[PDB]
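>>> Show me the folded form of this:
(chains A, B, C, D, E, F and G, ligands or ions: 26)
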Amino acid sequence: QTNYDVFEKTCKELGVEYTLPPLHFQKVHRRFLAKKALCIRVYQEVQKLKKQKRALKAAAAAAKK
Amino acid sequence: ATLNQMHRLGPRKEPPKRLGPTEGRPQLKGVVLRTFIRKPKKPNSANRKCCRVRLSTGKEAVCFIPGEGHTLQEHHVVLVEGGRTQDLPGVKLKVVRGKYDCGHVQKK
Amino acid sequence: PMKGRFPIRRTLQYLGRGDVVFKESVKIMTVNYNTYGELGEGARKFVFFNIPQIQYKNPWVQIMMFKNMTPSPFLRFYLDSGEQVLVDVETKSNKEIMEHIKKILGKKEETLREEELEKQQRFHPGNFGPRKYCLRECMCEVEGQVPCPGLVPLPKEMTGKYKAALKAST
Amino acid sequence: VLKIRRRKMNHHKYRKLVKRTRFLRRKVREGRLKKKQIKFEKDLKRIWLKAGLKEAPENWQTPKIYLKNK
Amino acid sequence: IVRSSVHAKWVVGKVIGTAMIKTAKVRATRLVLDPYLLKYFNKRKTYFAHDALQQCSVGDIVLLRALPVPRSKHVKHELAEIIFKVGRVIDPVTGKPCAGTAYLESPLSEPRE
RNA sequence: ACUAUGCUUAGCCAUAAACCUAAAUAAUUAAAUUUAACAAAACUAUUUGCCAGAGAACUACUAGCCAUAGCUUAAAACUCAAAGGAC
RNA sequence: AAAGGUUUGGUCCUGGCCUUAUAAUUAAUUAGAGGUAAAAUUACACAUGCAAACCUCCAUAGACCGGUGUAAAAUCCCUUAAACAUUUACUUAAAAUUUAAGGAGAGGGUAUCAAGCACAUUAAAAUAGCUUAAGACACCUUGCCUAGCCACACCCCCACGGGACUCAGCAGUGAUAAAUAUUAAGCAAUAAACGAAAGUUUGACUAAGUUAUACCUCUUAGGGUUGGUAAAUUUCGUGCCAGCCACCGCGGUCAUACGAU
Ligand code: FES
Ligand SMILES: [K+]
Ligand SMILES: [K+]
Ligand SMILES: [K+]
Ligand SMILES: [K+]
Ligand SMILES: [K+]
Ligand SMILES: [K+]
Ligand SMILES: [Mg+2]
Ligand SMILES: [Mg+2]
Ligand SMILES: [Mg+2]
Ligand SMILES: [Mg+2]
Ligand SMILES: [Mg+2]
Ligand SMILES: [Mg+2]
Ligand SMILES: [Mg+2]
Ligand SMILES: [Mg+2]
Ligand SMILES: [Mg+2]
Ligand SMILES: [Mg+2]
Ligand SMILES: [Mg+2]
Ligand SMILES: [Mg+2]
Ligand SMILES: [Mg+2]
Ligand SMILES: [Mg+2]
Ligand SMILES: [Mg+2]
Ligand SMILES: [Mg+2]
Ligand SMILES: [Mg+2]
Ligand SMILES: [Mg+2]
Ligand SMILES: [Mg+2]
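Numbering: from 1, shown residues only, chains lettered A, B, ... in the order given. Ligands and ions are numbered 1, 2, ... in the order given. Please find the structure below.
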């Protein structure tokens, strides 16, 4: 917050990685970690399907043209 | 509390005003089911005249009958009001003398 | 006992004593001050005593304060045109700071008086209506006018009940 | 004086009551955890079905987190 | 060249996040009067701002200009200026680099570097 | 008389009147302050946590936990006109 | 709050409850008339009558007034933009009235509702982000912003469709409830609709009817209370019985506390 230039050299030379404090504290327990994993997985699957549909839709349009 | 803590909390949280035997109503009408005696808690010593009634709300309550002498019987209709009988525990209703079947105490 | 130091700062009379009413151009006032030092005492007192009064009279101006970011305290105003007015308040008393900002970016007494009169243009004393908006609800309140029938009974001949009876008699 | 005696006497009557009905409480718990697991599974099924998936994500099996896994 | 409808034509805040592409999440604070206590407290608001050059870093004070048309649901401002860079502040009064309440370069000197 | 146990090596449990029954920090000793009393002289400021009659209740339910007769979190109905503290 | 009563063997402290003030509804007892204001158990079901016409045909109106508080944390305040099923001027500019998108700030309860699970940005379509203990999400409750505003209009949030098929217009009825206004008169005034207009219509409204619910002016007097708090008791009966109290309490033979007087 005061001398960024010295900060960068100090971290590079001393080999210390600095991570910024996270804005929000995240609770952790078995129920949360299991639901949070599915929610990420469900989202990815929905987006993967959309990408496939877009390619097929574009491919059909290209053939018509 | 500090001014920052008073700000984050605001005015005191207020428990809601739970209703009593009349359910926040001036009077209720009930049908007598039984007439019995209740014994006041010691040190009081008496045979207080009470009755069970089925109120219009649908619940059943025990009501003290005031006055010297009543003619109430089963299936009679009465107008009950609030007001607890201090010596009688659990008796939170009283019958109104002079309304429906219940009549004014008979001055004799 | 009211909590905090100088609890008079938390009274409506004190908040209303402020005299700095900014021009419509003023949009933001950043306050950069240091918590330790000797030349920044007036700046610290200005944040303690004066910033509440300024915000009270200028509710729509964003006052954001930063601490110990620079060697000296200063004030920077951001105007709607895009201009930035920097003020240096080092070695300056809190009273001096208020007078300086009042001069450069404060509305004059003449302008404020005109706005007050314009605000009250639609209030008329003669208008009748509820007490919240008007002096008198009804003309019966006025002296010499026919009084309200509720307070004073009307003559029988002025009553519809009586007039209807005569028409039937006719 | 009588306030710790009453906590002691109240606490004494709870430990006795728990002892008398210890076996019943065990069967209550095993059933409360089973309902706690079904509620967990159903809540996870609601998520993917609402998102529009017709089957749970590939290679996903709801973890059994309330069973005697430890 | 009509201006935006939003009240916040000009807002100052601190960059609390920069993980979105070309967008910086900024936290502004305003003073709001507590009516019971008659004391001012800080109410903070989040503003998404368009950072075209991705020149923003967490912790730096910035000035945002209201966009004429909202770029998206939440991006209704752009990065007008970086008032203070995080760790790279330049004193407005003297113009010399500073590191807190101290001068990295004395104001008496004239390095012109 | 003798066992679990107290010991060692690995884990687990997370409980005490875990109490100096005193949150931390910087002041001041005069403000004509025994400002109840008793403890430990009093008192100002700052920040956070906590409290709002007693019993019901170190309870019921809820969630988390290697804990499964467990711990932490923690009500209401209902009852009383007191409960409680220091002398 | 100018306070008071009530923990004890006693004192002090702490702390709750209750008393005294003010108002609305209902009930007991009681009551003359007059003027005024208000009218209110119920989004439960409704017999009957009426509540929207006007007018040289076209149109205009019946989108209002009136009613209820259904739903919803629903809102307030403020900004921008555009319209109107409009008006009046110009053939183009001033209003009233709305609509849509927004946001300086403010805006009910439960945190034993602590995570939400797509809620983000970029604009080659990639990045992995968005809200959240400064209270997200979930649930519960409530009309509020009061010259008035908002929502609703038999029910299915809506109303193509369907259904259990219409007074939450005025009056009135059934059921229900502690809760009880006329199945009334007039379009003369004001307001609205229509017409160029004389005019017509209106359960809006106006003038009445009804009711101690309130106020005012008067005239009869009734109601409660009388241990303490807290103004005020004589005789007799009763004898821990009958009864009484808001709190403390009273009654076992001299009861100012119960009943009569
Ligand atoms: S209030 Fe004016 S005549 Fe009644
Ligand atoms: K007794
Ligand atoms: K007291
Ligand atoms: K006591
Ligand atoms: K509806
Ligand atoms: K008329
Ligand atoms: K008497
Ligand atoms: Mg051994
Ligand atoms: Mg000790
Ligand atoms: Mg314990
Ligand atoms: Mg337990
Ligand atoms: Mg438990
Ligand atoms: Mg309780
Ligand atoms: Mg009545
Ligand atoms: Mg209306
Ligand atoms: Mg409702
Ligand atoms: Mg619970
Ligand atoms: Mg109906
Ligand atoms: Mg409908
Ligand atoms: Mg009707
Ligand atoms: Mg109708
Ligand atoms: Mg009535
Ligand atoms: Mg006309
Ligand atoms: Mg006697
Ligand atoms: Mg008495
Ligand atoms: Mg007597």
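>>> Return the backbone torsion pair for residue B:26.
When read as degrees, to the nearest 10, the backbone of residue B:26 gives phi -60, psi -40.
>>> so it makes contact with residue B:81?
Yes. In this structure, residue B:26 is within contact of residue B:81 by CB atoms under 8 Å, at 7.0 Å. Heads up, the C-betas are built off the backbone N, CA and C, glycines and all.
>>> more neighbours, those two?
residue B:81 (16 against 8; other CB atoms under 10 Å in any protein chain shown).
>>> contacting residues for the nearest residue to that one once chain neighbours are set aside?
Once flanking residues are discounted, residue B:81 sits nearest to residue B:27: 5.0 Å by CB to CB, 6 or more residues apart in numbering or on different chains. By CB atoms under 8 Å, 6 or more residues apart in numbering or on different chains, residue B:27 lies in contact with B:79-81, B:96.
>>> now do residue C:138
C:128, C:148.
>>> and it, how far is that from chain B?
The spacing between residue C:138 and chain B, counted by CB to the nearest CB, to the nearest Å, is 37 Å.
>>> List phi and psi for that residue.
Torsion angles, degrees, to the nearest 10, at residue C:138: phi -140, psi 160.
>>> The helix or strand harbouring residue C:99 - contacts with which helices or strands?
Using DSSP states H and E, residue C:99 sits in helix C:94-105. Applying 3 or more CB pairs under 8 Å, 6 or more residues apart in numbering or on different chains; DSSP states H and E, one finds that helix C:94-105 contacts helix C:41-45, strand C:74-79, strand C:84-88.
>>> As CSV, could you dump the C-alpha coordinates of it?
The C-alpha coordinates for helix C:94-105 follow below in CSV (Å, rounded to 0.1, in the frame of the first residue of the first chain):
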residue,chain,number,x,y,z
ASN,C,94,-10.4,24.4,10.7
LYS,C,95,-12.2,27.7,10.7
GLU,C,96,-9.8,28.9,8.0
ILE,C,97,-10.6,25.9,5.9
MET,C,98,-14.3,26.4,6.1
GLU,C,99,-14.0,30.1,5.1
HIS,C,100,-11.8,29.2,2.1
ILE,C,101,-14.1,26.6,0.7
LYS,C,102,-17.1,28.8,1.3
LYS,C,103,-15.6,31.6,-0.7
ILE,C,104,-14.5,29.5,-3.7
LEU,C,105,-17.4,27.0,-4.0
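>>> Any chance you could list what contacts the next helix or strand after that helix?
Under the assignment DSSP H and E, the closest C-terminal helix or strand after helix C:94-105 is helix C:109-119. Contact partners of helix C:109-119, identified using CB under 8 Å, 6+ apart, comprise residue C:21.
>>> re earlier: any chance of CSV for the contacts of residue B:27, columns secondary structure?
Shown next, in CSV, are the contacts of residue B:27 (DSSP: H, G, I helix; E, B strand; the rest coil):
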residue, secondary structure
B:79, strand
B:80, strand
B:81, strand
B:96, coil
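>>> ok so, going back, of all the residues in the helix holding residue C:99, which ones are buried?
Neighbour counts over helix C:94-105 (16 or more other CB atoms under 10 Å in any protein chain shown) mark C:94, C:97-98, C:100-102, C:105 as buried.
>>> Look up how far residue C:29 lies from residue E:59.
Relative to residue C:29, residue E:59 is positioned 22 Å away (CB to CB, to the nearest Å).
>>> And the contacts of residue B:27, which is closest to residue C:72?
residue B:81 (77.2 Å; CB to CB).
>>> Can you report how many residues lie near residue B:53?
24.
>>> One more: residue E:62?
26.
>>> ok, back up a step: can you check what angle separates the helix holding residue C:99 from strand C:74-79?
With axes from the mean of the first three to the mean of the last three CA atoms, to 10 degrees as the basis, helix C:94-105 and strand C:74-79 are set at 30 degrees to each other.
>>> now helix C:94-105 against strand C:84-88, angle please.
Interaxial angle of helix C:94-105 relative to strand C:84-88 (the same axes, to 10 degrees): 160 degrees.
>>> Now do the contacts for the residue nearest to residue C:80 when sequence neighbours are not counted.
Closest residue to residue C:80 apart from its sequence neighbours, by CB to CB, 6+ apart: residue C:25 at 5.0 Å. For residue C:25, the contacting residues are C:79-81, C:83, C:105, by CB under 8 Å, 6+ apart.
>>> redo that, cut-off 7 Å
C:79-81 (CB atoms under 7 Å, 6 or more residues apart in numbering or on different chains).
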